[PDB]
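Inspection log for the structure reproduced underneath, given as structure tokens.
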Amino acid sequence: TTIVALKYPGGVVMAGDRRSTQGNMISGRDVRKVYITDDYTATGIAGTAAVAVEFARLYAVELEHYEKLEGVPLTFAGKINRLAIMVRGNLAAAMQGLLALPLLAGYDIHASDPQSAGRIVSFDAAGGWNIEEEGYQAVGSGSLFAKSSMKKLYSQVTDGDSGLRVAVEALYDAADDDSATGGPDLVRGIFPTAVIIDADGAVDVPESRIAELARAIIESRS
Amino acid sequence: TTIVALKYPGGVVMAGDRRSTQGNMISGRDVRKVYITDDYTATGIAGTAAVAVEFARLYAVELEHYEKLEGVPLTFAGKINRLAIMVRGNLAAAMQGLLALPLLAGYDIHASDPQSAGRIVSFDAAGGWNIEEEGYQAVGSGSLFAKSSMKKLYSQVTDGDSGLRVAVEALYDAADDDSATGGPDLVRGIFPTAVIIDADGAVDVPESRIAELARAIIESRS
Amino acid sequence: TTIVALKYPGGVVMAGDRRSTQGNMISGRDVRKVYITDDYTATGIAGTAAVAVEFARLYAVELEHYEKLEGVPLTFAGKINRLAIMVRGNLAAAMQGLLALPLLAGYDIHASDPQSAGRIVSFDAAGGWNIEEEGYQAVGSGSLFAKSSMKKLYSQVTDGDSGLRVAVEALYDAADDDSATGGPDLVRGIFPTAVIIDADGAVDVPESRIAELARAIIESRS
Amino acid sequence: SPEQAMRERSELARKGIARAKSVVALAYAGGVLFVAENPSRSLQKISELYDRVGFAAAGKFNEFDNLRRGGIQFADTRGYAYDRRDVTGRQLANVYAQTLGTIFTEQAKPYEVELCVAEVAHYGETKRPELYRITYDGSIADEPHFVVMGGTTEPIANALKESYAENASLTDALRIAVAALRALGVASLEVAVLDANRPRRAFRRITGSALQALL
Amino acid sequence: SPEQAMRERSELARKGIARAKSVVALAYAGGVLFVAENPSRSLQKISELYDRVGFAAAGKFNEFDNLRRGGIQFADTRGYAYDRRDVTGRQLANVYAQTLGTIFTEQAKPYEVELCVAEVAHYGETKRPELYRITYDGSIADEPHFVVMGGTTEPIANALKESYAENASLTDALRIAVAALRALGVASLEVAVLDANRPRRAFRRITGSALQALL
Amino acid sequence: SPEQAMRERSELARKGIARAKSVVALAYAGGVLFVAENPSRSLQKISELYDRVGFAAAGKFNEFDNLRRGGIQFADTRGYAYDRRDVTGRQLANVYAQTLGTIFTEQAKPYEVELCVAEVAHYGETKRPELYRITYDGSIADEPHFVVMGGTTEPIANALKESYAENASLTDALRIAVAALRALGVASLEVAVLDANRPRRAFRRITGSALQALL
Amino acid sequence: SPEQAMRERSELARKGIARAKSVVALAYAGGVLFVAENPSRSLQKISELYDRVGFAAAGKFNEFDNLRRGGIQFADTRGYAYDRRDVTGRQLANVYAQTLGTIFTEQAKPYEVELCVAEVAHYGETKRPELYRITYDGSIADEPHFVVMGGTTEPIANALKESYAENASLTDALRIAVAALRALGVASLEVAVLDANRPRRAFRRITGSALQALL
Amino acid sequence: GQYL
Amino acid sequence: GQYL
Amino acid sequence: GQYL
Amino acid sequence: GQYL
């Protein structure tokens, strides 16, 4: 598994691969690991599949619940805190092997400068969190290859689309050097999933765009 | 043990063998492992015999109980969820050896296209579930041989009957390569059991049809 | 990690580095480890990052809570006691590896002589505390190198600014001889953080001053 | 006597219901429209309950507000246990009535409240809006066109009886509802819709400048 | 005095039973037929209890509805502990009566309800339908042919007394039951059967177009 | 009768509120100003509640003091769970009202108290000061300019009505408030502000020599 | 009526307070002086509460004695949690009043007691002695010079009003206090001081031969 | 209310 | 109070 | 008493 | 009722 997230001027993008394994055995060719938890935050989760999907679901429920009770969404700080508390709560089971790590991307509507209202937040197994400020983050078995790819490719990011292409490429290199991360399957037509958040909220990138970017990368490397 | 399930245009079919062992010793020659939990779902369970029969019974009770209280069956999604929660509940005992894995076949009456309203759902020991979309699934010690058989035989599936024959054949190959799975006993006249679900509900395939299909396969291989 | 604190005539100064590691891997280049818990006390915490930030936050809350209920801050003695009780409470988790040690700097407004109202207090994992009287203290993996540096440099301390320079230098030597402590990063422009407390309260030293002192030290050693 | 006491309780409840701001809810082309006479800017008498289920009330604010919270509570837990599309306006309407009846019988003072639970169809589906009115005793009534709650309900109910038109647009239904409610000023109006066209969360408030432009 | 209070309670219960919609249940060739006068489309007075055991009631909806739920509850647990064919209409009829009596003696207000529990034979077996009527106090009566509950029971009971015929088909028993009930329109009728011919679950509602065709 | 008892309770509460020192709170350029007539040096009727939320009260000291403590309690826990900027004057104003109503209904004696919760904007932001008045029953009122609590409120409220000026400086608003309060001496005055210009904790007492110089 | 009952309770409490031995506490140069008219040698009406906080009482011995114990209890735990110099006469004076009010409202008989809590400054510091009087209802009063409790307080209070002198020595303040108390014999006198000059524990009894020599 |  |  |  |  591998989930990358990077800020671009005016927004944030978050992409994730599709494979799920048991040991050396490829068990799922089309899992979706990036959820839209709310109109301004998307959440990726690496790790145990059960714990992951459960985290995502329950967190979305809680954000929206407070929103319905108080008539206003939490600030990005409150959201960060609740996610952190959930993660800290799973620590006992994470030592027993059921570890799940979330990467949280959001667009702060209350930030001062709109061009840098993008937000990326990373968590460890012990619930501590860190607001990333070098422009990108990743999680999962391929995270190191993905980060080392984005470090070089990141000067190319200038808008929503270039940022999306850089995301897809980083995923391609993760998969290229790690076997637990699936690359674009040209045969079955299964590509990474992506979410874009900007001033207007969060939308899923439609599959065709990711397909074209992936084919461009693959032809570039041949 | 081995239980296969495959969609065909307009419905779903689910078949299971009859043997039950203790170590190398053949202890039951006529166990029934596929139940009709309700008018549109059948459930197979591999694993510890006690835990299996109990799961099936209790799940059927719960589906029908909610149906009597609310005056309408759950959606296929709710059913999937309850089964998943039961499975997650048995996890502690599954680590102690009492593992039971269910494979759930259903016919969604609310789906848009009737020709693809068939549904197959698979579970792991940790309660996570997955909606199968490559057309077939299996569970048990012979599951790998059964799946590798259906991958090749599946282009022949065009209706209810051809789908039934493919099911029986997949079982035959499971038994052919694994000793814990019983094949058709021509001497005692004991054949796999099968359930067919389509727009009109779930019915048990009468034994004679399975007998003829099995004899056709056996003569084909000689 | 390394956090030094030293009294100067008329006040106290407390500085801390910025690195945070996981094993040999540098994970945070700009963590802030010295907090202003109240108008007359700053608190540094070495050790597990989660437990550290939590300690600081909760202690600040408690000081201010009693202040709001009773209409007057605790004496420096009461503050020392509450911090000690928190530290004693984390002992079970500290044996399990989640150890966090605080170093508490304060300016006693009620002391008799203003020129020596500065206060430095150190704690062990078992909640016992000690009021330092040789003029300086440190905590963290680099603490021994920092103390052995300040022992020699401390006769130079005559005011707020010279005391600040001595603090920064002690940090520089800690980092120079230990790899878990980060030195001034001239490339990224990240310098230690510092807090100064005197008769007028606690203020954060603005970054520029620390930058100039660090550059002076670095040029002195070349 | 006990019967006399019960009659007195009913009269007291009726009086409480009578001295209150009036609310109306009516079906229109895009779903259901709530229009309440509300001067405050913080205190509200119209609320989202679930994805497609809305709620309006009239009476004593703390109590109707309390029911609001209880109703929100039940739906979320139920959805988590089974699913979002399983919670229906009918189940919620039922829960309030039973609770109200039991509560009244065992409590000291009856809730001087009148409730209206509204439901519309999901996205991409066709179904008529459903309005239920729950009264203070536990009685529940199925309304085909509109509900009027609180204050003097006769003149508003009659004006709506003459002006109502099925499949009226949002602006026409707003004019009809404000007109029959008068039987007012741009300020102190609480207006929200259950817009059947929204993908998931159907409830949507209509406030400020847009509302002024509409009116 | 206590005796006077008891008499007053009985009178109150009688009044409550009297002001209610009438329900009839009668034996016919294929099992048992429930025909109730019910205007609402959501609120029901006839219900499945177990595989072959049905239930009709008349009085206060929340209470009779509550008994409905309690009865459903007891049967499922009992079946799980022993088996489906062990739960009988008799055991259920008994439970309600005891509960009602104890509840009335210790509670504040008596349940203004009248119950009818019905049972038919299993698949491929011959046995006469059994009807039991449980009244508000706990009394239980074994009926051979038909039960009439709620409202004015005399005229309906007499009309049925003249029109009843054992082994009447489904259509004839429906005509007899609607006719004696009138002593109506296609709308607002709640009709269900305990069809003895079904393999397991005998209860089956008869609604809409099919019902219209039958009538 | 119960209604008569309720009327008596209301009268008693009114009497309790009437025989008390008067407090005023008014908006001025730098935030909100509390000026209370208070002879004691230890017992206070004005208090910080949270970073930007202040509190004044009039009535029975032990009770209003007790509410003071309850309010302090709720805010800290809420902030720790979510954050400091999430606690608002509105939420606190609401909690007191609900608590007061429930408490009065279930307790023996009603709290002879009158509350005013005040809020200003955060640092570097623009927003109008908000004043809420919560009365003994649970009623809550949104005030745009000033609140007067305890004693005879009419003359003070009218004098403020003539003298009030939006965006008055601190000294002018102090003169207006003391003048309308007289409708006094440097001693026995409790004066505090919610200074919107402070970075975090806005509440700040104005006592002694500085106050004397100002006046 | 309840109001009448409350008046009766107040009268009863007043009577209880009136029929009791008189105690006086007054400030003098070295701290505070307690002089009580006490015949018994075992039962005492003056007590140490904390390092610099003393306590005198008048009324019913078991109750005032019980408060004595409660007050001792609170201070030790508080000191252990925070520190000795954090417990002040003010906090203790406050606790008794709140407890008394709540206790009276919920109990059967009001405590026929009158309390005086005294505090002096610590060693090597300058501050005026503080006297607080807490009455049976919960009222608390700040006294600058002297407190008189129990019996007929008017003549003693007036005699002290004429004879009091700030910074009177220990012998003069003793003469003034015994003289105004007479408005007696060496026997049956309970005399103690809060000597501000002691390093830690300020309370100190003056009994026997030394007292005789002084008088 | 809600008789049934 | 606060009827609405 | 103690009105405030 | 139901005497027996």
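Each chain of the structure tokens is named A, B, ... in the order shown, its residues numbered from 1; ligands are numbered from 1 in display order.
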Subject >> Contacts of residue C:183 within 8 Å, only C-alpha atoms, excl. fewer than 6 positions in-chain, as a PyMOL selection string >> reply: chain C and resi 17+171-172+175-176+191-192
Now that the selection is made, can you save its residues with C-alpha atoms as a tab-separated table (two decimals), in the first residue's frame?
chain	number	residue	atom	x	y	z
C	17	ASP	CA	16.95	22.19	20.00
C	171	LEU	CA	23.30	23.52	22.73
C	172	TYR	CA	25.89	23.73	19.94
C	175	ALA	CA	24.72	18.67	19.07
C	176	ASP	CA	28.41	18.58	18.22
C	191	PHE	CA	17.63	27.57	14.97
C	192	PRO	CA	17.04	26.56	18.61
**OP:** Check stretch 74-184 of chain D with DSSP on the backbone and list each residue it calls strand (DSSP E), as a ChimeraX atom specification.
**Re:** /D:113-119,130-134,140-143,146-149
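Taking atom CA of residue C:47 and atom CA of residue A:143 as endpoints, the distance between them is 26.2 Å.
Nearest-residue note for chain A: choosing from F:91, F:158, F:73, F:167, the minimum distance belongs to F:91, counting only C-alpha atoms.
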Subject >> Residues within 7 Å of residue B:128, only C-alpha atoms, excluding chain neighbours under 4 positions, as a PyMOL selection string >> reply: (chain A and resi 50) or (chain B and resi 84+123-124)
Subject >> Exercise answer, chain G residues close to chain C, 9 Å and only C-alpha atoms, as a PyMOL selection string >> reply: chain G and resi 81-83+85-86
**OP:** Excluding residue F:214 and residues on its chain fewer than 5 positions from it, collect all residues at most 10 Å away from it, counting only C-alpha atoms, and give them as a ChimeraX atom specification.
**Re:** /F:170-172,174-175,206,209
Produce a file of the selected residues containing C-alpha atoms, as a PDB file, in the first residue's frame.
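Written out: selection_13.pdb:
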ATOM      1  CA  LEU F 170     -13.585  53.367  28.163  1.00  0.00           C
ATOM      2  CA  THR F 171     -13.800  56.539  30.273  1.00  0.00           C
ATOM      3  CA  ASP F 172     -17.054  57.767  28.691  1.00  0.00           C
ATOM      4  CA  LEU F 174     -17.585  54.262  32.638  1.00  0.00           C
ATOM      5  CA  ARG F 175     -19.113  57.692  33.322  1.00  0.00           C
ATOM      6  CA  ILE F 206      -9.959  47.792  36.871  1.00  0.00           C
ATOM      7  CA  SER F 209      -5.740  54.002  42.018  1.00  0.00           C
TER       8      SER F 209
END
**OP:** Tell me which protein, DNA and RNA residues are within 12 Å of residue K:3, counting only C-alpha atoms, leaving out same-chain ones fewer than 2 positions away, and put them as a PyMOL selection string.
**Re:** (chain E and resi 137-141) or (chain K and resi 1)
Writer output for current selection, N, CA and C atoms, as an mmCIF file, in the first residue's frame:
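The result, written out as again.cif:
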data_model
loop_
_atom_site.group_PDB
_atom_site.id
_atom_site.type_symbol
_atom_site.label_atom_id
_atom_site.label_comp_id
_atom_site.auth_asym_id
_atom_site.auth_seq_id
_atom_site.Cartn_x
_atom_site.Cartn_y
_atom_site.Cartn_z
ATOM 1 N N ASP E 137 -58.596 -7.727 31.530
ATOM 2 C CA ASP E 137 -58.339 -8.199 32.887
ATOM 3 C C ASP E 137 -57.418 -9.407 32.954
ATOM 4 N N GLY E 138 -57.273 -10.156 31.866
ATOM 5 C CA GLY E 138 -56.575 -11.424 31.903
ATOM 6 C C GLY E 138 -57.436 -12.613 31.538
ATOM 7 N N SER E 139 -58.750 -12.429 31.407
ATOM 8 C CA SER E 139 -59.644 -13.512 31.020
ATOM 9 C C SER E 139 -59.338 -13.983 29.610
ATOM 10 N N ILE E 140 -59.476 -15.281 29.406
ATOM 11 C CA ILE E 140 -59.189 -15.895 28.121
ATOM 12 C C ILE E 140 -60.327 -16.846 27.774
ATOM 13 N N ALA E 141 -60.800 -16.776 26.530
ATOM 14 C CA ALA E 141 -61.940 -17.560 26.079
ATOM 15 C C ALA E 141 -61.609 -18.296 24.787
ATOM 16 N N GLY K 1 -62.685 -11.662 36.488
ATOM 17 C CA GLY K 1 -63.306 -12.675 35.657
ATOM 18 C C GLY K 1 -62.507 -13.961 35.612
#
With only C-alpha atoms as the counted atoms, please give the residues lying no more than 10 Å from residue G:50, apart from itself and same-chain residues fewer than 2 positions off, as a compact mmCIF listing (two decimals) with C-alpha atoms, in the first residue's frame.
# COMPACT_ATOMS: atom_id res chain seq x y z
CA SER G 47 -9.71 25.95 68.64
CA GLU G 48 -6.77 25.90 66.28
CA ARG G 52 -2.43 30.86 61.41
CA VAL G 53 -6.21 30.32 61.43
CA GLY G 54 -8.19 30.11 64.67
CA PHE G 55 -11.85 29.43 65.38
CA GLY G 71 -13.02 22.57 59.30
CA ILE G 72 -9.93 20.81 60.64
CA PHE G 74 -10.69 20.35 55.06
CA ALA G 75 -7.52 22.28 55.77
CA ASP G 76 -5.20 19.30 56.21
CA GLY G 79 -2.52 21.65 52.48
CA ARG G 84 0.35 25.07 54.06
CA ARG G 85 0.59 28.74 53.04
CA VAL G 87 -4.95 27.59 53.16
CA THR G 88 -6.30 30.98 54.21
CA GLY G 89 -8.89 32.12 56.74
CA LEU G 92 -12.35 28.31 55.38
CA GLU G 119 -6.51 34.82 60.70
CA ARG G 200 4.51 28.40 62.45
CA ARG G 201 1.61 27.36 64.73
CA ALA G 202 0.19 30.68 65.99
CA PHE G 203 -2.58 29.38 68.25
Kindly provide the residues of chain A that approach chain C to within 9 Å, each paired with its closest atom pair and their distance in Å to one decimal, based on only C-alpha atoms, listed by chain and increasing number, as a tab-separated table.
residue	atom	partner	partner_atom	distance
A:126	CA	C:50	CA	7.3
A:127	CA	C:50	CA	7.4
A:128	CA	C:50	CA	5.4
A:129	CA	C:50	CA	8.6
A:130	CA	C:28	CA	8.5
Original post:
Tell me, which residues of stretch 90-163 of chain G carry DSSP alpha helix (DSSP H), written as a PyMOL selection string?
Top reply: chain G and resi 90-106+153-163
Export N, CA and C atoms of the chosen residues as a PDB file, in the first residue's frame?
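Output below, filename result-v5.pdb:
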ATOM      1  N   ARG G  90      -9.896  33.010  54.727  1.00  0.00           N
ATOM      2  CA  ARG G  90     -10.993  33.354  53.832  1.00  0.00           C
ATOM      3  C   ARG G  90     -11.658  32.111  53.244  1.00  0.00           C
ATOM      4  N   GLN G  91     -10.855  31.180  52.738  1.00  0.00           N
ATOM      5  CA  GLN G  91     -11.390  29.970  52.124  1.00  0.00           C
ATOM      6  C   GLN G  91     -12.187  29.156  53.124  1.00  0.00           C
ATOM      7  N   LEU G  92     -11.663  29.038  54.337  1.00  0.00           N
ATOM      8  CA  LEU G  92     -12.354  28.306  55.382  1.00  0.00           C
ATOM      9  C   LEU G  92     -13.660  28.987  55.773  1.00  0.00           C
ATOM     10  N   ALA G  93     -13.636  30.311  55.874  1.00  0.00           N
ATOM     11  CA  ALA G  93     -14.824  31.052  56.276  1.00  0.00           C
ATOM     12  C   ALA G  93     -15.905  30.804  55.254  1.00  0.00           C
ATOM     13  N   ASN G  94     -15.507  30.828  53.996  1.00  0.00           N
ATOM     14  CA  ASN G  94     -16.419  30.559  52.891  1.00  0.00           C
ATOM     15  C   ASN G  94     -17.011  29.150  52.961  1.00  0.00           C
ATOM     16  N   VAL G  95     -16.195  28.144  53.243  1.00  0.00           N
ATOM     17  CA  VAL G  95     -16.717  26.777  53.205  1.00  0.00           C
ATOM     18  C   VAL G  95     -17.828  26.546  54.214  1.00  0.00           C
ATOM     19  N   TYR G  96     -17.633  27.083  55.407  1.00  0.00           N
ATOM     20  CA  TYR G  96     -18.622  26.907  56.439  1.00  0.00           C
ATOM     21  C   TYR G  96     -19.927  27.536  56.020  1.00  0.00           C
ATOM     22  N   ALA G  97     -19.888  28.733  55.450  1.00  0.00           N
ATOM     23  CA  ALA G  97     -21.137  29.390  55.087  1.00  0.00           C
ATOM     24  C   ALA G  97     -21.938  28.608  54.060  1.00  0.00           C
ATOM     25  N   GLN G  98     -21.274  28.139  53.015  1.00  0.00           N
ATOM     26  CA  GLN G  98     -21.978  27.394  51.988  1.00  0.00           C
ATOM     27  C   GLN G  98     -22.547  26.120  52.569  1.00  0.00           C
ATOM     28  N   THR G  99     -21.735  25.443  53.380  1.00  0.00           N
ATOM     29  CA  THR G  99     -22.198  24.191  53.950  1.00  0.00           C
ATOM     30  C   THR G  99     -23.403  24.438  54.827  1.00  0.00           C
ATOM     31  N   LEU G 100     -23.348  25.479  55.645  1.00  0.00           N
ATOM     32  CA  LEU G 100     -24.433  25.767  56.548  1.00  0.00           C
ATOM     33  C   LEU G 100     -25.693  26.048  55.772  1.00  0.00           C
ATOM     34  N   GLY G 101     -25.613  26.858  54.720  1.00  0.00           N
ATOM     35  CA  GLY G 101     -26.830  27.165  53.990  1.00  0.00           C
ATOM     36  C   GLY G 101     -27.447  25.930  53.365  1.00  0.00           C
ATOM     37  N   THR G 102     -26.613  25.119  52.719  1.00  0.00           N
ATOM     38  CA  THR G 102     -27.172  23.939  52.070  1.00  0.00           C
ATOM     39  C   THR G 102     -27.756  22.984  53.095  1.00  0.00           C
ATOM     40  N   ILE G 103     -27.021  22.825  54.186  1.00  0.00           N
ATOM     41  CA  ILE G 103     -27.417  21.914  55.224  1.00  0.00           C
ATOM     42  C   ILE G 103     -28.731  22.363  55.789  1.00  0.00           C
ATOM     43  N   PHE G 104     -28.895  23.648  56.062  1.00  0.00           N
ATOM     44  CA  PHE G 104     -30.133  24.112  56.655  1.00  0.00           C
ATOM     45  C   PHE G 104     -31.289  23.845  55.709  1.00  0.00           C
ATOM     46  N   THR G 105     -31.099  24.166  54.434  1.00  0.00           N
ATOM     47  CA  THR G 105     -32.192  23.972  53.486  1.00  0.00           C
ATOM     48  C   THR G 105     -32.613  22.507  53.365  1.00  0.00           C
ATOM     49  N   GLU G 106     -31.656  21.585  53.379  1.00  0.00           N
ATOM     50  CA  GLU G 106     -32.035  20.174  53.255  1.00  0.00           C
ATOM     51  C   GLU G 106     -32.244  19.375  54.550  1.00  0.00           C
ATOM     52  N   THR G 153     -25.593  40.029  72.896  1.00  0.00           N
ATOM     53  CA  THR G 153     -24.418  40.633  72.265  1.00  0.00           C
ATOM     54  C   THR G 153     -24.386  42.165  72.354  1.00  0.00           C
ATOM     55  N   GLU G 154     -25.536  42.824  72.602  1.00  0.00           N
ATOM     56  CA  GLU G 154     -25.552  44.287  72.603  1.00  0.00           C
ATOM     57  C   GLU G 154     -24.646  44.879  73.682  1.00  0.00           C
ATOM     58  N   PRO G 155     -24.784  44.535  74.979  1.00  0.00           N
ATOM     59  CA  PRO G 155     -23.980  45.268  75.975  1.00  0.00           C
ATOM     60  C   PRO G 155     -22.491  45.042  75.823  1.00  0.00           C
ATOM     61  N   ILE G 156     -22.106  43.798  75.536  1.00  0.00           N
ATOM     62  CA  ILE G 156     -20.705  43.475  75.313  1.00  0.00           C
ATOM     63  C   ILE G 156     -20.174  44.225  74.097  1.00  0.00           C
ATOM     64  N   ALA G 157     -20.962  44.269  73.016  1.00  0.00           N
ATOM     65  CA  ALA G 157     -20.516  44.946  71.801  1.00  0.00           C
ATOM     66  C   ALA G 157     -20.334  46.440  72.041  1.00  0.00           C
ATOM     67  N   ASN G 158     -21.182  47.034  72.879  1.00  0.00           N
ATOM     68  CA  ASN G 158     -21.064  48.463  73.149  1.00  0.00           C
ATOM     69  C   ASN G 158     -19.876  48.775  74.062  1.00  0.00           C
ATOM     70  N   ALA G 159     -19.742  48.022  75.168  1.00  0.00           N
ATOM     71  CA  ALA G 159     -18.586  48.166  76.054  1.00  0.00           C
ATOM     72  C   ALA G 159     -17.271  48.042  75.284  1.00  0.00           C
ATOM     73  N   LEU G 160     -17.199  47.078  74.355  1.00  0.00           N
ATOM     74  CA  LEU G 160     -16.024  46.963  73.495  1.00  0.00           C
ATOM     75  C   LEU G 160     -15.897  48.179  72.590  1.00  0.00           C
ATOM     76  N   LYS G 161     -17.032  48.697  72.113  1.00  0.00           N
ATOM     77  CA  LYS G 161     -17.012  49.879  71.255  1.00  0.00           C
ATOM     78  C   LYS G 161     -16.353  51.078  71.945  1.00  0.00           C
ATOM     79  N   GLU G 162     -16.547  51.228  73.269  1.00  0.00           N
ATOM     80  CA  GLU G 162     -15.924  52.327  74.033  1.00  0.00           C
ATOM     81  C   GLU G 162     -14.477  52.062  74.440  1.00  0.00           C
ATOM     82  N   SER G 163     -14.193  50.846  74.934  1.00  0.00           N
ATOM     83  CA  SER G 163     -12.873  50.385  75.392  1.00  0.00           C
ATOM     84  C   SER G 163     -11.880  49.960  74.294  1.00  0.00           C
TER      85      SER G 163
END
**OP:** Write out as a PyMOL selection string the residues lying within 12 Å of residue A:165, counting only C-alpha atoms and excluding same-chain residues fewer than 4 positions away.
**Re:** chain A and resi 4-6+8+13-15+150+153-154+156-161+169-172+192+194+205+209-217
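Shortest separation to chain D among F:142, F:22, F:198, F:150 occurs at residue F:142, atoms counted being only C-alpha atoms.
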Subject >> Atomic distance atom CA of residue C:208 - atom CA of residue C:12, expressed in Å with one decimal >> reply: 19.7 Å
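Interatomic distance, atom CA of residue A:101 to atom CA of residue A:125: 6.5 Å.
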Subject >> Interface list for chain E, partner chain D, 9 Å threshold, only C-alpha atoms, as a ChimeraX atom specification >> reply: /E:40,42,62
